[PDB]
Number of protein chains: 2
Amino acid sequence: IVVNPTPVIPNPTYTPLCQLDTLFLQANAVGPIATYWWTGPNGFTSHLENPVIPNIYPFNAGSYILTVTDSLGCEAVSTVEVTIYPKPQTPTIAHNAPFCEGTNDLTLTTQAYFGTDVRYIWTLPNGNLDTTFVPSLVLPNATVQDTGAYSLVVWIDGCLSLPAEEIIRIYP
Amino acid sequence: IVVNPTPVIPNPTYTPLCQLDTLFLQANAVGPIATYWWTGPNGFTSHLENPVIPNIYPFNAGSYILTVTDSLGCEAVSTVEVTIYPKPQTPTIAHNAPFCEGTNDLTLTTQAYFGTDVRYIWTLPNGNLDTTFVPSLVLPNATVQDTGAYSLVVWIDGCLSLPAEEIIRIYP
């Protein structure tokens with residue numbers, strides 16, 4: 001009686017993802033695999049070695065299950081946990097009415113964002129790319145030398161938002 | 001007739017969690033376990049001894065079930081209840097327009113938070129880290145000596161929010 005060994009249990013992989021991204025799953029199966037079958041979080045189903053999900057939103061996140069069957073008729077099952085990070089949405093930048101050169105402070109205010117690793121990267125006319133941890137840029141005793149375009153991109157847990165831009169005028 | 005004892009019923013564990021955290025489950029199974037199978041709250045499925053769920057949100061909370069099968073073909077089942085605490089979201093700090101040194105009171109107001117153990121930890125220029133139980137910091141008869149940056153982090157049931165910061169000016 002010849003007894004067929006089962007397939008080597010696959011050890012599936014994928015690359016890190018953001019909210020609007022492409023998920024590449026890999027059926028890292030070993031042996032003479034004849035067919036593949038995947039199931040996932042929203043009814044995701046596939047018969048491919050390396051399924052690809054374009055535009056993956058943060059609800060296709062979760063546990064994916066791979067079943068493989070070899071040509072000899074034996075099965076093996078393994079799973080992979082897929083993590084998707086949210087994309088911060090574009091900030092709205094509030095700013096005071098232009099003030100006479102040398103009064104108050106150029107203050108750029110945005111909505112606060114939720115996450116664990118949150119950074120606000122601001123672009124200002126001098127090119128410094130000042131980075132903070134709160135939704136606020138402040139230049140005290142601001143003057144006309146500080147005018148021009150300002151912008152913000154928000155970094156959360158590894159992903160970046162589409163940037164917002166505002167034009168600052170002083171001494172109106 | 002040789003009768004195989006069943007596996008020793010596992011007693012799974014995990015560490016305490018916040019809303020944005022990593023869940024480490026441990027299949028504390030005893031005996032010659034051949035295979036593991038976990039199921040959970042959102043279809044979570046795993047074939048590992050120590051499954052890890054990165055970025056666990058407060059919906060992966062709930063009852064997890066572990067089934068183990070030994071090499072002799074016997075099963076055992078046990079469960080673990082997984083608790084996840086919410087992360088407070090960043091506070092928005094409201095403050096009065098700068099007042100002439102010595103009028104009214106430096107008052108920092110935020111939204112109230114829901115929880116059982118709720119603390120508002122405020123950072124003020126003198127470094128005291130004043131702690132209260134309401135979303136309010138007040139310094140009566142405030143003067144220019146009290147100006148500078150102020151911030152708040154909120155503690156709820158063991159977890160901390162990302163902090164908010166505001167700049168206080170007096171005698172404008």
# chains A, B, ... in the order shown; residues from 1 in each chain; ligands from 1
call {"tool": "residues_around", "arguments": {"residues": "residue B:125", "least_positions_apart": "5", "cutoff": "8 Å", "atoms": "only C-alpha atoms", "output": "list in words"}}
result
residues 146, 147, 148, 149 and 150 of chain B
call {"tool": "write_last_selection", "arguments": {"atoms": "N, CA, C and O atoms", "output": "PDB file, in the first residue's frame"}}
result
ATOM      1  N   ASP B 146       2.329  83.080  33.517  1.00  0.00           N
ATOM      2  CA  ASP B 146       1.689  81.807  33.228  1.00  0.00           C
ATOM      3  C   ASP B 146       1.641  81.499  31.726  1.00  0.00           C
ATOM      4  O   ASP B 146       1.078  80.476  31.331  1.00  0.00           O
ATOM      5  N   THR B 147       2.230  82.341  30.876  1.00  0.00           N
ATOM      6  CA  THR B 147       2.143  82.086  29.439  1.00  0.00           C
ATOM      7  C   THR B 147       3.128  81.058  28.929  1.00  0.00           C
ATOM      8  O   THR B 147       4.088  80.680  29.606  1.00  0.00           O
ATOM      9  N   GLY B 148       2.894  80.601  27.701  1.00  0.00           N
ATOM     10  CA  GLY B 148       3.750  79.589  27.104  1.00  0.00           C
ATOM     11  C   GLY B 148       2.914  78.427  26.588  1.00  0.00           C
ATOM     12  O   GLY B 148       1.701  78.547  26.398  1.00  0.00           O
ATOM     13  N   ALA B 149       3.567  77.316  26.279  1.00  0.00           N
ATOM     14  CA  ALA B 149       2.821  76.194  25.738  1.00  0.00           C
ATOM     15  C   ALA B 149       2.171  75.358  26.826  1.00  0.00           C
ATOM     16  O   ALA B 149       2.797  75.023  27.832  1.00  0.00           O
ATOM     17  N   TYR B 150       0.943  74.950  26.556  1.00  0.00           N
ATOM     18  CA  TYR B 150       0.178  74.041  27.393  1.00  0.00           C
ATOM     19  C   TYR B 150      -0.264  72.835  26.587  1.00  0.00           C
ATOM     20  O   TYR B 150      -0.619  72.952  25.409  1.00  0.00           O
TER      21      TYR B 150
END
call {"tool": "interface_residues", "arguments": {"of": "chain A", "to": "chain B", "cutoff": "10 Å", "atoms": "only C-alpha atoms", "output": "PDB file with C-alpha atoms, in the first residue's frame"}}
result
ATOM      1  CA  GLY A  40     -10.990  35.763   2.648  1.00  0.00           C
ATOM      2  CA  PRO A  41     -12.827  38.475   4.724  1.00  0.00           C
ATOM      3  CA  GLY A  62      -8.159  40.213   8.112  1.00  0.00           C
ATOM      4  CA  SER A  63      -7.423  36.516   7.969  1.00  0.00           C
ATOM      5  CA  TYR A  64      -6.971  34.817   4.601  1.00  0.00           C
ATOM      6  CA  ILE A  65      -7.033  31.061   4.252  1.00  0.00           C
ATOM      7  CA  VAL A  77      -4.178  24.249   4.877  1.00  0.00           C
ATOM      8  CA  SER A  78      -2.510  27.405   6.190  1.00  0.00           C
ATOM      9  CA  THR A  79      -3.364  31.017   6.929  1.00  0.00           C
ATOM     10  CA  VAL A  80      -1.991  34.533   6.734  1.00  0.00           C
ATOM     11  CA  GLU A  81      -3.029  37.641   8.642  1.00  0.00           C
ATOM     12  CA  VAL A  82      -3.265  40.715   6.421  1.00  0.00           C
ATOM     13  CA  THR A  83      -2.838  44.178   7.933  1.00  0.00           C
ATOM     14  CA  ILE A  84      -3.885  47.366   6.150  1.00  0.00           C
ATOM     15  CA  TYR A  85      -3.116  50.803   7.514  1.00  0.00           C
ATOM     16  CA  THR A 103       1.809  91.047  15.236  1.00  0.00           C
ATOM     17  CA  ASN A 104       0.510  87.823  16.848  1.00  0.00           C
ATOM     18  CA  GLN A 111      -7.805  68.801  12.516  1.00  0.00           C
ATOM     19  CA  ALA A 112      -6.190  66.346  14.885  1.00  0.00           C
ATOM     20  CA  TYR A 113      -5.588  62.863  13.596  1.00  0.00           C
ATOM     21  CA  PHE A 114      -5.928  59.492  15.266  1.00  0.00           C
ATOM     22  CA  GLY A 115      -3.129  56.921  15.167  1.00  0.00           C
ATOM     23  CA  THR A 116      -0.134  55.754  17.202  1.00  0.00           C
ATOM     24  CA  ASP A 117       2.692  57.225  15.175  1.00  0.00           C
ATOM     25  CA  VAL A 118       1.393  60.590  13.976  1.00  0.00           C
ATOM     26  CA  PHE A 133       3.588  65.886  16.548  1.00  0.00           C
ATOM     27  CA  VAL A 134       0.569  68.169  16.890  1.00  0.00           C
ATOM     28  CA  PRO A 135      -1.712  69.720  14.190  1.00  0.00           C
ATOM     29  CA  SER A 136      -0.068  73.114  14.519  1.00  0.00           C
ATOM     30  CA  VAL A 138       3.539  78.469  14.714  1.00  0.00           C
ATOM     31  CA  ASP A 157       1.515  54.619  11.167  1.00  0.00           C
TER      32      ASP A 157
END
call {"tool": "atom_distance", "arguments": {"atom1": "atom CA of residue B:30", "atom2": "atom CA of residue B:8"}}
result
5.1 Å
call {"tool": "select_by_dssp", "arguments": {"residues": "chain A", "states": "strand (DSSP E)", "output": "PyMOL selection string"}}
result
chain A and resi 17-18+21-24+33-39+45-46+52-56+62-70+75-82+84-85+105-109+118-123+131-132+136-140+148-156+159-160+164-168
call {"tool": "residues_around", "arguments": {"residues": "residue A:139", "least_positions_apart": "6", "cutoff": "7 Å", "atoms": "only C-alpha atoms", "output": "list in words"}}
result
residues 105, 106 and 107 of chain A
call {"tool": "atom_distance", "arguments": {"atom1": "atom CA of residue A:76", "atom2": "atom CA of residue A:61"}}
result
23.1 Å
call {"tool": "residues_around", "arguments": {"residues": "residue B:31", "least_positions_apart": "4", "cutoff": "10 Å", "atoms": "only C-alpha atoms", "output": "PyMOL selection string"}}
result
chain B and resi 6-10+69-71
call {"tool": "atom_distance", "arguments": {"atom1": "atom CA of residue B:67", "atom2": "atom CA of residue B:4"}}
result
17.4 Å
